[PDB]
Amino acid sequence: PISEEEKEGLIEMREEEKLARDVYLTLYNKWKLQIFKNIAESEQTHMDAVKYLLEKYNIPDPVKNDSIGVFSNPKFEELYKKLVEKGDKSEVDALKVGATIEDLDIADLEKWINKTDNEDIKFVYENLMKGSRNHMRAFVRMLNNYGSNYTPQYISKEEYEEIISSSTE
Amino acid sequence: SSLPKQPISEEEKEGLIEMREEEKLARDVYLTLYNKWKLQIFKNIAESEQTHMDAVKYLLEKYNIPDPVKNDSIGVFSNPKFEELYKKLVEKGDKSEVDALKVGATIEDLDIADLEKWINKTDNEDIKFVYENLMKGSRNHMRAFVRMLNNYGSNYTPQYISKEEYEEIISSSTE
């Protein structure tokens with residue numbers, strides 16, 4: 001039941017959740033905030049759900065180097081350089097970055113959740129997305145302890161607010 | 001003229017606001033860059049992006065929502081997302097003709113993306129129809145810029161829309 005449209009996204013969504021995991025891993029290493037570790041041991045499983053749907057759909061994997069910061073798509077090759085550099089200037093910047101990621105990520109999952117009807121992906125996608133909301137609730141919560149807050153870039157103001165208000169999932 | 005008056009929601013509202021200013025970004029950019037480089041395309045598409053501005057204004061009026069474009073002037077925006085986006089863009093495009101051209105492509109890339117993003121977030125049959133036509137107009141701009149890019153021995157890769165869709169957009173003719 002499997003498109004060429006559908007394929008390409010599974011590729012991106014593979015490398016996307018990789019982008020998340022990598023960054024968190026770097027940032028934890030620079031600032032050593034247990035929150036980056038948590039969300040990474042989680043974004044590891046996010047990677048593996050797609051690996052599951054590539055294996056099962058006979059789609060070439062694109063993480064041909066599981067190492068940090070290495071990418072097929074120079075979209076992510078480029079994003080990492082930027083995010084970590086910016087995350088590196090301060091803890092808040094790191095925490096901002098974290099929210100920025102989960103932020104982009106959700107509006108990116110919603111983007112692909114529509115370009116498919118194949119029901120495994122719809123579900124798997126629906127899932128990681130639950131996963132990302134909690135990682136924002138988290139990031140932003142931590143952010144408020146530091147005196148700061150996040151203003152969303154990619155999702156709507158309305159969906160962001162729906163999220164930080166409603167509790168655990 | 002399409003009537004009567006339908007069910008509007010909060011993010012439906014929010015989109016409208018954003019899109020009203022999104023099309024203005026496009027317009028203010030193209031206008032700037034024409035002043036800089038004098039490439040006809042920037043004129044022609046600024047005139048279209050004005051149209052697109054007006055069309056959305058039609059819906060803010062129809063559904064009564066405080067319009068965000070208080071000050072019409074070039075490069076002025078409520079939502080700072082756009083002041084920023086505007087500056088970074090003129091920043092790039094003021095560097096070369098090829099750049100100007102790439103910036104163009106890029107606004108349209110982001111334009112079809114957010115259009116799809118927003119369409120997907122609604123079943124107000126009025127809104128839906130404006131956005132769809134906005135995509136229509138925007139797809140033409142893509143081709144216009146891409147064709148112009150080829151004329152300067154360059155190309156473009158999508159950043160916001162699929163590769164898979166970009167290709168299908170370019171390998172078809174004017175709507």
# chains A, B, ... in the order shown; residues from 1 in each chain; ligands from 1
$ interface_residues --of "chain B" --to "chain A" --cutoff "9 Å" --atoms "only C-alpha atoms" --output "number ranges by chain"
B: 10-11, 14-15, 81, 113, 116-117, 120, 159, 162-165
$ residues_around --residues "residue 47 (chain A)" --least-positions-apart "4" --cutoff "10 Å" --atoms "only C-alpha atoms" --output "list in words"
residues 13, 14, 15, 16, 17, 18, 19, 20, 21, 42, 43, 51, 52, 63 and 128 of chain A
$ write_last_selection --atoms "C-alpha atoms" --output "PDB file, in the first residue's frame"
ATOM      1  CA  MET A  13      11.369  11.120   9.742  1.00  0.00           C
ATOM      2  CA  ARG A  14      14.095   8.585  10.272  1.00  0.00           C
ATOM      3  CA  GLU A  15      16.853  11.179  10.058  1.00  0.00           C
ATOM      4  CA  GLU A  16      14.788  13.780  11.821  1.00  0.00           C
ATOM      5  CA  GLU A  17      14.460  11.786  15.028  1.00  0.00           C
ATOM      6  CA  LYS A  18      18.185  11.116  14.547  1.00  0.00           C
ATOM      7  CA  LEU A  19      18.824  14.841  14.449  1.00  0.00           C
ATOM      8  CA  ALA A  20      16.955  15.114  17.784  1.00  0.00           C
ATOM      9  CA  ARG A  21      18.875  12.305  19.491  1.00  0.00           C
ATOM     10  CA  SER A  42      13.694   8.195  24.221  1.00  0.00           C
ATOM     11  CA  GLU A  43      14.604   9.622  20.768  1.00  0.00           C
ATOM     12  CA  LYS A  51      13.876   1.565  11.214  1.00  0.00           C
ATOM     13  CA  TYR A  52      11.043  -0.901  11.938  1.00  0.00           C
ATOM     14  CA  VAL A  63      21.631   6.213   8.768  1.00  0.00           C
ATOM     15  CA  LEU A 128       6.321   9.818  18.103  1.00  0.00           C
TER      16      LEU A 128
END
$ residues_around --residues "residue 168 (chain A)" --least-positions-apart "5" --cutoff "12 Å" --atoms "only C-alpha atoms" --output "list in words"
residues 130, 131, 132, 133, 134, 135, 136, 137, 138 and 163 of chain A
$ residues_around --residues "region 34-42 of chain B" --least-positions-apart "3" --cutoff "8 Å" --atoms "only C-alpha atoms" --output "PDB file with N, CA, C and O atoms, in the first residue's frame"
ATOM      1  N   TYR B  30       9.985  40.962  -2.746  1.00  0.00           N
ATOM      2  CA  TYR B  30      10.117  41.097  -4.181  1.00  0.00           C
ATOM      3  C   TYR B  30      10.305  42.581  -4.558  1.00  0.00           C
ATOM      4  O   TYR B  30      11.255  42.938  -5.248  1.00  0.00           O
ATOM      5  N   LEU B  31       9.435  43.440  -4.041  1.00  0.00           N
ATOM      6  CA  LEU B  31       9.559  44.892  -4.215  1.00  0.00           C
ATOM      7  C   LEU B  31      10.955  45.464  -3.925  1.00  0.00           C
ATOM      8  O   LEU B  31      11.504  46.205  -4.747  1.00  0.00           O
ATOM      9  N   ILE B  45       5.744  39.544  -9.878  1.00  0.00           N
ATOM     10  CA  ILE B  45       5.285  38.695  -8.798  1.00  0.00           C
ATOM     11  C   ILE B  45       4.909  39.501  -7.545  1.00  0.00           C
ATOM     12  O   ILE B  45       4.062  39.078  -6.750  1.00  0.00           O
ATOM     13  N   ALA B  46       5.502  40.675  -7.382  1.00  0.00           N
ATOM     14  CA  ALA B  46       5.060  41.581  -6.318  1.00  0.00           C
ATOM     15  C   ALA B  46       3.601  41.995  -6.551  1.00  0.00           C
ATOM     16  O   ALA B  46       2.810  42.091  -5.608  1.00  0.00           O
ATOM     17  N   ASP B  94      20.390  40.434  -1.467  1.00  0.00           N
ATOM     18  CA  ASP B  94      21.035  41.691  -1.844  1.00  0.00           C
ATOM     19  C   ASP B  94      22.467  41.430  -2.266  1.00  0.00           C
ATOM     20  O   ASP B  94      23.215  42.367  -2.568  1.00  0.00           O
ATOM     21  N   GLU B  97      22.293  38.663  -8.098  1.00  0.00           N
ATOM     22  CA  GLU B  97      21.190  38.214  -8.944  1.00  0.00           C
ATOM     23  C   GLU B  97      20.794  36.760  -8.674  1.00  0.00           C
ATOM     24  O   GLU B  97      19.639  36.482  -8.353  1.00  0.00           O
ATOM     25  N   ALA B 144       8.253  30.125 -12.204  1.00  0.00           N
ATOM     26  CA  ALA B 144       8.796  31.359 -12.729  1.00  0.00           C
ATOM     27  C   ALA B 144      10.246  31.546 -12.256  1.00  0.00           C
ATOM     28  O   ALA B 144      11.138  31.858 -13.064  1.00  0.00           O
ATOM     29  N   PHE B 145      10.482  31.335 -10.957  1.00  0.00           N
ATOM     30  CA  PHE B 145      11.813  31.527 -10.399  1.00  0.00           C
ATOM     31  C   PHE B 145      12.739  30.444 -10.862  1.00  0.00           C
ATOM     32  O   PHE B 145      13.886  30.742 -11.216  1.00  0.00           O
TER      33      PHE B 145
END
$ closest_residue --among "A:79, A:92, A:23, A:11" --to "residue 144 (chain A)" --atoms "only C-alpha atoms"
A:92
$ closest_residue --among "B:142, B:102, B:153, B:118" --to "residue 171 (chain B)" --atoms "only C-alpha atoms"
B:142
$ residues_around --residues "residue 30 (chain A)" --least-positions-apart "3" --cutoff "8 Å" --atoms "only C-alpha atoms" --output "PyMOL selection string"
chain A and resi 26-27+88
$ write_last_selection --atoms "C-alpha atoms" --output "JSON list (two decimals), in the first residue's frame"
[["chain", "number", "residue", "atom", "x", "y", "z"],
["A", 26, "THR", "CA", 25.88, 16.74, 22.44],
["A", 27, "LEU", "CA", 24.08, 19.26, 24.62],
["A", 88, "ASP", "CA", 26.36, 25.80, 23.05]]
$ atom_distance --atom1 "CA of residue 85 (chain B)" --atom2 "CA of residue 109 (chain B)"
13.7 Å
$ select_by_dssp --residues "region 22-163 of chain A" --states "alpha helix (DSSP H)" --output "PyMOL selection string"
chain A and resi 22-31+34-55+74-88+91-114+119-145+157-163
$ residues_around --residues "residue 78 (chain B)" --least-positions-apart "4" --cutoff "9 Å" --atoms "only C-alpha atoms" --output "list in words"
residues 21, 68, 69, 70, 71, 82 and 83 of chain B
$ closest_residue --among "B:130, B:4, B:89, B:107" --to "residue 54 (chain B)" --atoms "only C-alpha atoms"
B:130
$ atom_distance --atom1 "CA of residue 148 (chain B)" --atom2 "CA of residue 99 (chain B)"
11.6 Å
